[PDB]
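The block underneath contains the structure these notes are about, expressed in structure tokens.
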Amino acid sequence: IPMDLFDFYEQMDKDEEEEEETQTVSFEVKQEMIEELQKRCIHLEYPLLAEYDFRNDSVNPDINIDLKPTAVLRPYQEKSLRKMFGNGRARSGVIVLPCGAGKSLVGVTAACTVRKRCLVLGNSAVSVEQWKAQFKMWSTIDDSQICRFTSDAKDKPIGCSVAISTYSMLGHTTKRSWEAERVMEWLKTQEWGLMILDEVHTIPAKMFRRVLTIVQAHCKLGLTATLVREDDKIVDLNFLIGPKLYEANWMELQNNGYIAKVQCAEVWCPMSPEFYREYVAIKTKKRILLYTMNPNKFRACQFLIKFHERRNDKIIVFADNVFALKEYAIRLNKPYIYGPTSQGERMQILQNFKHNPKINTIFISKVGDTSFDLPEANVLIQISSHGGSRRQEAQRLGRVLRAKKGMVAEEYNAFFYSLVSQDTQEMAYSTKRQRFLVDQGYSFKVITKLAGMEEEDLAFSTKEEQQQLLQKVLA
Amino acid sequence: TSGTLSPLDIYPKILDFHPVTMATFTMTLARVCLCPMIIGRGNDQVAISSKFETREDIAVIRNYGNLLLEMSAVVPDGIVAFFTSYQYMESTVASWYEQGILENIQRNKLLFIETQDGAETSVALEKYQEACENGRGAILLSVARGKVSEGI
Amino acid sequence: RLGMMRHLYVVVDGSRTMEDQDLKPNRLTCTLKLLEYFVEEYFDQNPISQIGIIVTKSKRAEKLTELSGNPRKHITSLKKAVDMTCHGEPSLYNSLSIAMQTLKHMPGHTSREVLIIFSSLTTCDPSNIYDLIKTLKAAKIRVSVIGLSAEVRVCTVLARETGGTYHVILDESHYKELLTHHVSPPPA
């Protein structure tokens with residue numbers, strides 16, 4: 001019976017003396033006792049099923065957060081917190097929802113419900129500042145106990161939620177990687193007990209994974225929309241944070257005056273003289289440029305901008321590369337936003353795009369993802385298949401697009417487009433993209449021709465024009 | 001007697017005597033009657049704490065004012081809304097005559113306030129029996145203690 | 001069946017409440033569609049007869065078909081009405097006065113009848129409706145009401161006082177039973 005049972009720590013492992021012989025592990029591996037990774041503590045179901053239990057004799061009895069107030073979440077979010085009360089730590093650990101519908105609120109509520117000494121992990125200071133703005137109803141004495149805790153200073157019991165910090169490892173004054181042995185954990189190194197991760201996909205990377213791996217970490221919650229990069233690490237995240245409690249929030253459940261119905265499309269474009277000579281012959285990182293700048297595909301992108309500006313729709317055009325961004329945008333004479341555009345000029349372009357009926361198309365680089373207030377529109381065009389994550393295409397779509405007036409309860413009232421060059425490595429991403437979006441509940445189709453592109457003025461009207469671009473791209 | 005009294009105990013409690021008991025009518029099936037309760041439907045429907053129901057504006061505005069309007073507009077029949085006091089009644093229905101500009105029901109109902117008059121009471125019952133939602137016993141507000149309890 | 005001749009004024013509720021989806025597609029669509037089925041069955045049972053069609057909508061009365069003995073006009077009018085739908089609130093007093101004016105003209109041995117399909121709760125008319133009900137019973141104009149989920153007392157008295165036919169309809173099957181009851185002739 002476990003009334004005497006010691007349990008300890010060695011470098012990243014838990015060893016269990018004079019044992020109760022617990023299920024699901026090897027025995028006398030190198031001594032009479034059981035020995036697991038720290039990170040295996042998460043598997044509380046394997047003892048719970050057996051009817052086994054354990055005690056935290058290493059406890060520290062100091063004080064904790066109360067945060068008694070409540071607020072109102074979206075109908076699935078409320079169902080998602082209600083499930084978490086239901087399931088408990090044996091059968092909980094991540095939630096997936098867009099970066100534009102209430103993820104900050106799920107984190108402050110997840111900490112106010114769970115109610116333990118908490119450390120909040122985030123990607124960015126702007127997102128700490130959005131959390132703070134969310135959290136003001138549960139903030140103790142409004143503004144006299146909230147503080148930041150990162151590379152310049154630390155103070156107070158709370159802040160953006162409870163104490164927030166960043167994932168970073170540049171040196172001793174990062175935030176979470178450097179401190180990962182001092183505080184956290186109620187069961188050993190026992191100052192705190194609860195972990196809330198915003199942007200949770202960020203942690204399972206090869207160096208970062210160690211922050212999570214080198215503890216027992218009792219309660220853990222993660223929140224994300226991108227969830228994984230193109231190589232799919234996500235089997236690891238079940239171990240590292242916990243299993244996935246929720247994924248859906250389909251626009252099928254929020255149509256009539258609520259968000260958008262999006263017609264999704266992929267566009268297959270043919271390939272014009274000289275560009276495949278050179279695509280086929282070049283194996284280097286330049287070849288990404290011959291498939292993206294393919295003038296038949298540029299003419300589809302131009303025709304599509306013309307069609308939605310003629311109807312006065314608002315359009316964001318995404319370009320994965322600053323070269324591509326500027327070659328498309330300067331030719332189409334639409335503003336662009338990227339790293340080196342200053343804040344003053346970005347807030348002028350974005351205010352113009354949202355309020356001015358003359359400024360209806362803009363071009364944007366990778367800087368929109370990860371802590372950025374992308375504006376509203378009704379049309380999204382991606383010039384390329386990229387290598388950022390099929391799941392980030394759906395986060396980006398979801399956070400940017402809304403219903404056009406009048407038509408707020410129809411089958412579709414917003415539009416997404418991804419442009420693909422036929423007979424290239426750009427095509428490989430489609431059978432995955434297509435399966436992903438339809439599994440996310442989206443109506444998605446393939447458009448393979450445009451015989452009305454043969455009825456109007458567009459660029460690249462000759463071989464000589466196309467040759468002028470081909471020489472510039474090759475250089 | 002009092003019509004119903006089946007749990008029996010309160011009368012012997014009040015008397016400090018133990019009468020002979022008897023149930024002395026044949027009753028009809030439960031299905032002709034329906035006795036609902038309302039409190040909310042989703043997990044975000046938190047405005048009904050009623051720690052100070054006489055002061056909780058958000059609670060009066062939310063399902064107390066809003067559920068009444070949903071139920072009355074959907075179920076279009078002659079329906080009387082009973083209240084615990086005049087002050088609640090006045091706050092819940094903005095009416096033609098509002099206690100504030102900030103009150104949360106907009107729909108044709110009739111009032112039943114103090115200085116009721118025996119002749120004036122009948123006018124309101126003539127209106128409710130004749131037609132429309134509104135009248136005495138119809139889409140009208142009355143405090144439960146008040147005269148409407150005599151009925152017609 | 002032959003023995004006498006009937007005059008019947010079909011009156012339909014074209015108020016905003018008739019748009020509602022409670023009775024197939026919506027009440028307006030289900031009622032006009034079954035009412036077309038009734039016209040052909042009533043005229044087949046009653047070869048020497050007449051009908052006229054009136055609606056109450058947007059707080060007025062309008063004549064969809066004039067009083068006549070050819071069924072074709074009435075099914076063509078029920079077809080033409082569905083497109084223009086329903087909005088607003090009744091005008092029952094003005095509809096019983098135009099119907100009265102046509103029915104008063106008719107001779108001694110023919111019936112005087114008004115058939116009303118009712119999905120409202122009152123009517124917008126200022127005029128005293130009780131004076132007009134007294135006048136219907138003197139004139140021998142009989143008024144029947146088929147109501148949707150509704151028992152509002154002035155309509156029910158009005159159908160009882162004029163002859164005894166206030167009926168409630170809760171399905172498309174029940175409405176076809178009620179109209180088929182009205183297809184049935186009077187004694188002679």
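Methodologically, a virtual Cβ is constructed for each residue, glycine included, from the backbone with ideal geometry; neighbour enumeration extends over all protein chains shown. Each value in this text was obtained by applying a stated rule to the coordinates, not by laboratory testing.
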Scan around A:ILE34 for amide H atoms under 5 Å from its own, H built in the peptide plane at 1.01 Å from N, and keep only partners 5 or more places away or cross-chain.
A:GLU16, A:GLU19
Which GluC sites (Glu not before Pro) in the stretch B:1-110 pass both tests, a DSSP loop state and at most 15 other beta-carbon atoms within 10 Å?
B:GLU53, B:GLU98
Under a GNM of chain B (C-alpha, springs under 10 Å), which listed residue has the highest mean-square fluctuation: B:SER72, B:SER49, B:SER91?
B:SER49
Reciprocal of mean inverse Cα separation for the protein assembly as shown (Kirkwood radius, Å):
34.3
Alpha carbon centroid spacing (whole Å) that separates the stretch A:38-71 from the stretch A:100-163:
22
Quick one: length gained pulling A:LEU474 to A:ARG55 fully straight, 0.36 nm per residue minus the C-alpha distance?
144.1 nm
Give the peptides C:28-38, A:41-51 in descending order of average Cβ contacts within 10 Å, highest first.
C:28-38, A:41-51
Square roots of 5 times each gyration tensor eigenvalue, C-alpha, the stretch A:1-103, largest first, Å:
35, 17, 14
Of the candidates A:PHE27, A:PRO69, A:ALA90, the farthest towards the positive dipole end of the stretch A:1-136 (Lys/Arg Cβ +1, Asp/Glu Cβ -1, centred on the Cα centre) is A:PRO69
Rg from C-alpha atoms of the stretch C:1-130, normalised by the globular rule of thumb 2.2 N^0.38 Å, equals 1.05
Cα-Cα over 26 Å: which of A:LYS358/A:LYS445; A:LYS30/A:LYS244; A:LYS39/A:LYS233?
A:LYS358/A:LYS445; A:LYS30/A:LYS244
For chain B, find the longest principal axis of its Cα atoms and tell me its angle to the long axis of helix B:118-130, 0 to 90°, nearest 10.
80
Report the residue, chosen from C:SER68, C:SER15, C:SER95, that carries the largest GNM mean-square fluctuation when chain C is represented by alpha-carbon nodes joined by springs under 10 Å.
C:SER68
For the stretch B:84-152, run through the chymotrypsin sites (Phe, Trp or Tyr not before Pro) and keep only the ones in DSSP coil with at most 16 other Cβ atoms within 10 Å of their Cβ.
B:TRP96, B:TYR97
Could you list the residues of the stretch A:230-263 with an amide nitrogen less than 20 Å from a label point located 7 Å from the Cα of A:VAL25 in the Cα-to-C-beta direction?
A:238-243
Name the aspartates and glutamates eligible as straight-distance cross-link partners of A:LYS404: C-alpha to C-alpha under 16 Å, and not fewer than 8 places from it in the same chain.
A:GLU309, A:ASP313, A:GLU376
Can you list which of the chymotrypsin sites (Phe, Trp or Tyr not before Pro) found in the stretch B:21-79 are DSSP loop residues with at most 16 other C-beta atoms within 10 Å?
B:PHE25, B:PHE52
May I ask what percent, to the nearest 5, of DSSP beta bridges between residues of chain A are antiparallel?
15
Collect residues whose amide H, placed 1.01 Å from N in the peptide plane, falls under 5 Å from the amide H of B:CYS132; neighbours closer than 5 in sequence don't count.
C:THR122
Tell me, how many Å apart are the Cα centres for the stretch C:1-36 and for the stretch B:1-74?
41
Tabulate in residue order the Karplus-calculated ³J(HN,Hα) for the stretch C:58-66, using 6.51 cos²θ - 1.76 cosθ + 1.60 with θ = phi - 60°, rounded to whole Hz; enter x for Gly and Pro.
6, 6, 10, 9, 10, 8, 6, 9, 6
Among the listed pairs B:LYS127/C:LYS137; A:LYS68/A:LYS220; C:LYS24/C:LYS57; A:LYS334/A:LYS472; A:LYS154/B:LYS51; C:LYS59/C:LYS134, those beyond 27 Å (Cα-Cα)
A:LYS154/B:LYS51
Find the centroid of the Cα atoms in the stretch A:278-340 and in the stretch C:105-143, then give the distance between the two in whole Å.
74
Quick one: compute the contact order of chain A, relative version, from alpha carbon pairs under 8 angstrom and 6+ residues apart, as a percent.
16
